[PDB]
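>>> following this: a sequence and the matching experimental structure.
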Amino acid sequence: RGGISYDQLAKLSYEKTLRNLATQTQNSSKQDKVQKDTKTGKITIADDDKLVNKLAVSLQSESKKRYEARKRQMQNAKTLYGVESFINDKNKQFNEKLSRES
Amino acid sequence: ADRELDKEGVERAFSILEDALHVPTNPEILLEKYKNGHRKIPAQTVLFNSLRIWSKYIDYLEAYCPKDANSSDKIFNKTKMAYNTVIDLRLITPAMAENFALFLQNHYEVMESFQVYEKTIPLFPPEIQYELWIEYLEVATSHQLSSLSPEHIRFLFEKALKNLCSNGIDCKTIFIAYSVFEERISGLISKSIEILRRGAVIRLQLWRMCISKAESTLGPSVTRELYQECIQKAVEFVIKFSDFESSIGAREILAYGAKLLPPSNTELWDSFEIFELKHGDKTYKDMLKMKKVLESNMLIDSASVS
Amino acid sequence: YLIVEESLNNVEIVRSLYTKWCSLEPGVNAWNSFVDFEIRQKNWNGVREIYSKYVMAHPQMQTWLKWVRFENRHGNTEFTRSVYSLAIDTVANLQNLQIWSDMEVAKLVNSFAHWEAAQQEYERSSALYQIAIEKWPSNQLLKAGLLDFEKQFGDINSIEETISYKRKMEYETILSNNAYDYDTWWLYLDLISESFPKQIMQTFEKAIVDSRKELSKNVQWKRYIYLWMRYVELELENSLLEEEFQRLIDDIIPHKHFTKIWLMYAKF
């Protein structure tokens, strides 16, 4: 059982982003360089304007999904438990922590 | 296939169905690229995978082969390569693995049917291997053409019996098949330590009890060791078995009645045991009444504890 | 750094990343993601170069056998046995290093041999078993892993040649462990009298009678008596019958030279 170490979870989330990237390329199929400077050591990479937008939109959308998943988890966490007496949300929050320790 | 089998020969029925079953170069890549392909890659390429296609292809071959095939014939060489290709494609169901080993044993290829059990057991998970090990160990000991050495049959049990009880199955029959055959070929009562292992694996009471009957035929020195080891609801049943052994060959039995009644609640069956031990004599209803007196006092002590 | 350059479809930059990142010897999660990259890029010549380095970063069988599951996925027979030849030579020449265990080398020999059986060349699959057991006489699992192939793919006398040796070792290690289990003695002698007739056949009958005092014991010496008698014999009979015999020696003197050896064994 156990938790998942930060090497494995880095790999698994790496694979999940690969699978999602592959399904984006599959969906784009269904719906149808390097220059180094001479003056400086600075390096220039030619990019399409697409796939930079697509990466930025994906990172925002993944952030939205995780934000709303935790927000709905906030909604469930303050609506489920009502047995023990508390004082505020932070009391029930900390006493959920003592229930997790058991 | 079915319309052509009636109108035309079975050789015509093979030939239209041979075109289905070309295993091209690599089934692992084509199976995976089909599964990962989102409905674009046709199933024309991965048509070999389908079990239904293979079974009714084979059932035409096994029906068309003569009753005496003896491996000279083309068709018996053809159905064996078509059967072995199913095992190499690894799409073989365990009822289909029996139908091929049965197939070779009718056509006197018995010693190659032990290869058939050998290849497939590795591939299957236990709870299914138990049904193949029955059919494999039974051909080894019962079929008349199989001339296997008694150290080779003992290998087939204690490779299985150790492997199959390791994953954890009751294994009531295999113990008995390694128990029954030991007299028909070797003929000594090593049977007990071969069958003691059924009683003490790491149903079981029904393996322990029939054999402790068997050494009372041979010799009482190896009975009395079991009577000790038999007792170490289910615990109460073991105590009853020990009392029966004492009757066959009385104070140790009564003290055992105490040991069993003290093993566990209810104890009336144990009272039936001691009463049986008393009844067995052809001495004075004094020790018996004293026994019931001791049992009643113990019950009163249990009531006081409660 | 990868999935961003994946998302830009800059395949030359992740390849230059991977080459640097696998140069630092990072671990098995990295190379496996790097062989999974070149599968995505279809560069079959490039991914074969990776496993060349990957076995030299992680020398162990599940990295060698990962490279054989790569090749046997593709069915290229000429490359696959070349991987197989390199894998078994490397265990042989780097034997003194002691970095592959007895269970670990059994997997290479079996996965070499079961591959060759699928390539219909049983004689090479049989021949490497004899070389591997002579090169490693120490590992029993290679000797055991050499039995299950013959059960699958060899002819019945060759199994019976090999099944006798495993029964020989297992009966020997129980009798060394368990002192007096006389029912296994009556099979161990008959394992040797049936399938091992040799100088060992007489020697074990000496070694069994060495271990031979119970009623369960003395009948085994009667078996070794008859094993010697069927084939000196009077000499061992008088040494054994010295356990005690005044009536026996009077019975001996009346019916030893008068009558036979069978009459002489009748006193015992």
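Sure thing, it's come through. Numbering: from 1, shown residues only, chains lettered A, B, ... in the order given.
>>> now residue B:274. Nearest residue, chain neighbours left out?
residue B:257 (4.5 Å; Cβ to Cβ, 6 or more residues apart in numbering or on different chains). (Each C-beta comes from the backbone N, C-alpha and C, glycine too.)
>>> what is the strand or helix carrying that neighbour packed up against?
Using DSSP states H and E, residue B:257 sits in helix B:251-260. Counting contacts by 3 or more Cβ pairs under 8 Å, 6 or more residues apart in numbering or on different chains; DSSP states H and E, helix B:251-260 packs against helix B:234-248, helix B:268-279, helix B:285-305.
>>> now mean neighbour count and distance to residue C:267 too, for the ones you listed, in TSV please.
Compiled in TSV, those are given as follows (neighbours: other Cβ atoms under 10 Å in any protein chain shown; distance: least, Cβ to Cβ, whole Å):
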stretch	mean neighbour count	distance to residue C:267
helix B:234-248	17	37
helix B:268-279	18	46
helix B:285-305	12	50
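>>> next, format the ones you listed as a markdown table and append distance to residue A:96.
Formatted as a markdown table, those follow (distance: least, Cβ to Cβ, whole Å):
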| stretch | distance to residue A:96 |
| --- | --- |
| helix B:234-248 | 43 |
| helix B:268-279 | 53 |
| helix B:285-305 | 44 |
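>>> can you tell me which residues in chain B are near chain A?
Counting by Cβ under 8 Å from any Cβ of the partner chain, chain B comes close to chain A at residue B:38.
>>> if we go to 10 Å?
Taking Cβ under 10 Å from any Cβ of the partner chain as the test, the list of chain B residues beside chain A reads B:36, B:37, B:38, B:39, B:40.
>>> so what's residue 15 up against?
Looking at chain A here, since you left the chain open. Residues near residue A:15 by Cβ atoms under 10 Å, 6 or more residues apart in numbering or on different chains: C:3, C:33, C:36.
>>> that's the wrong chain, I wanted chain C
The neighbours of residue C:15, taking Cβ under 10 Å, 6+ apart as the test, are C:5, C:34, C:37, C:38, C:41, C:43, C:46.
>>> the second one: neighbour count?
Burial measure for residue C:34: 23 neighbouring residues, criterion other Cβ atoms under 10 Å in any protein chain shown.
>>> likewise for the first one?
Other residues within reach of residue C:5, judged by other Cβ under 10 Å, total 17.
>>> would you mind measuring from residue C:116 to residue C:122?
Distance from residue C:116 to residue C:122, counting by Cβ to Cβ, to the nearest Å: 8 Å.
>>> between the two, which one's more packed in?
Neighbour tally, residue C:116 and residue C:122, criterion other Cβ under 10 Å: the higher count belongs to residue C:116, 20 against 16.
>>> isn't there a helix covering the more buried one?
Yes: the assignment for residue C:116 is a helix, going by DSSP: H, G, I helix; E, B strand; the rest coil.
>>> how about the residues of chain C by chain A?
Proximity of chain C to chain A, by Cβ under 10 Å from any Cβ, involves residues C:2-10, C:12-13, C:16, C:26-30, C:32-33, C:36-37, C:40.
>>> okay, and which of those map to helices?
Among the residues of chain C next to chain A, the ones falling in helices (DSSP state H) are C:2-7, C:12-13, C:16, C:28-30, C:32-33, C:36-37, C:40.
>>> check contacts around the residue in the stretch 1-150 of chain B that chain A sits nearest to.
Closest approach of the stretch 1-150 of chain B to chain A (Cβ to the nearest Cβ) occurs at residue B:38, with a separation of 5.6 Å. Counting by Cβ under 10 Å, 6+ apart, residue B:38 makes contact with A:22, A:23, A:26, A:27, A:29, A:30.
>>> among those residues, which are in helices?
Of these, the ones assigned to helices by DSSP H are A:22, A:23, A:26, A:27, A:29, A:30.
>>> shouldn't the fifth one be in contact with residue B:37?
No: applying Cβ atoms under 10 Å, one finds residue A:29 not in contact with residue B:37, separated by 11.5 Å.
>>> the more surrounded of those two?
The neighbour comparison of residue A:29 against residue B:37 (other Cβ under 10 Å) goes to residue B:37, with 14 against 10.
>>> any idea how far the more buried one is from chain C?
Distance, residue B:37 to chain C, by Cβ to the nearest Cβ, to the nearest Å: 15 Å.
>>> show me the contacts for that residue.
Residues near residue B:37 by Cβ under 10 Å, 6+ apart: A:26, B:43, B:45, B:46.
>>> neighbour-wise, which one of those residues leads?
With neighbours defined as other Cβ under 10 Å, the most crowded of these is residue B:46; it has 17 neighbours.
>>> which element is the closest residue to that one other than its chain neighbours on?
Distances taken as Cβ to Cβ, 6+ apart place residue B:34 nearest to residue B:46, at 4.4 Å, with adjacent residues excluded. Assigned by DSSP H and E, residue B:34 belongs to helix B:27-36.
>>> got the buried residues for that helix?
Judged by neighbour count using 16 or more other Cβ atoms under 10 Å in any protein chain shown, the buried positions of helix B:27-36 are B:27, B:30, B:34.
>>> am I right that the second one is in contact with residue B:48?
Just to be clear, that refers to residue B:30. Yes: counting by Cβ under 10 Å, residue B:30 does reach residue B:48; the two are 8.6 Å apart.
>>> returning to what we had before: gap between the residue nearest to residue B:274 and residue B:287?
As judged by Cβ to Cβ, residue B:257 and residue B:287 stand 12 Å apart.
>>> any shared contact partners between those two?
residue B:274.
>>> for chain A, give me its nearest residue in the stretch 201-306 of chain B.
For the stretch 201-306 of chain B, Cβ to the nearest Cβ, closest residue to chain A: residue B:202, 24.7 Å.
>>> which ones are touching residue A:7?
So, once contact is read as Cβ under 10 Å, 6+ apart, residue A:7 ends up touching C:26, C:27, C:28, C:29, C:30.
>>> where does the closest residue to the third one other than its chain neighbours sit: helix, strand or coil?
Residue nearest to residue C:28 in three dimensions, not counting chain neighbours: residue C:58, with 6.0 Å by Cβ to Cβ, 6+ apart. Using three-state DSSP, the three-state assignment for residue C:58 comes out as coil.
>>> SS state for the residue nearest to residue B:167 when sequence neighbours are not counted?
Residue nearest to residue B:167 in three dimensions, not counting chain neighbours: residue B:126, with 4.2 Å by Cβ to Cβ, 6+ apart. At residue B:126 the chain is in coil, as set by three-state DSSP.
>>> within range of chain B, give me the residues from the stretch 151-268 of chain C.
C:151-156, C:159-160, C:163-164, C:166-168, C:170-171, C:181-184, C:186-187, C:190-191, C:194-195, C:214-216.
>>> got the contact list for whatever helix or strand residue C:123 lives in?
For residue C:123, the host element (DSSP H and E) is helix C:122-135. Contacts to helix C:122-135, defined as Cβ under 10 Å, 6+ apart, come from residues C:81, C:84, C:88, C:91-92, C:95, C:105-106, C:108-110, C:112-119, C:121, C:139-140, C:142-143, C:145-147, C:149-150, C:153-155, C:158, C:162.
>>> restricting to C-alpha, output stretch A:43-63 in PDB.
Extracted in PDB, the C-alpha atoms of stretch A:43-63 (Å, rounded to 0.1, in the frame of the first residue of the first chain):
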ATOM      1  CA  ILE A  43      20.200  31.100 -28.500                       C
ATOM      2  CA  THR A  44      17.000  31.500 -30.500                       C
ATOM      3  CA  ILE A  45      14.400  28.800 -31.100                       C
ATOM      4  CA  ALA A  46      11.700  29.300 -33.800                       C
ATOM      5  CA  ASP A  47       8.300  28.400 -32.500                       C
ATOM      6  CA  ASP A  48       4.800  28.200 -33.800                       C
ATOM      7  CA  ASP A  49       2.400  30.600 -32.100                       C
ATOM      8  CA  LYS A  50       0.100  27.600 -31.700                       C
ATOM      9  CA  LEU A  51       1.100  24.900 -29.100                       C
ATOM     10  CA  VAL A  52       2.400  27.800 -26.900                       C
ATOM     11  CA  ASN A  53      -1.100  29.000 -26.600                       C
ATOM     12  CA  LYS A  54      -2.200  25.400 -26.300                       C
ATOM     13  CA  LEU A  55       0.200  24.700 -23.500                       C
ATOM     14  CA  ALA A  56      -0.800  27.900 -21.700                       C
ATOM     15  CA  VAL A  57      -4.500  27.200 -22.000                       C
ATOM     16  CA  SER A  58      -3.900  23.600 -20.800                       C
ATOM     17  CA  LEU A  59      -2.000  24.700 -17.700                       C
ATOM     18  CA  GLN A  60      -4.700  27.200 -16.900                       C
ATOM     19  CA  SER A  61      -7.400  24.700 -17.500                       C
ATOM     20  CA  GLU A  62      -5.700  22.100 -15.300                       C
ATOM     21  CA  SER A  63      -5.300  24.700 -12.600                       C
END
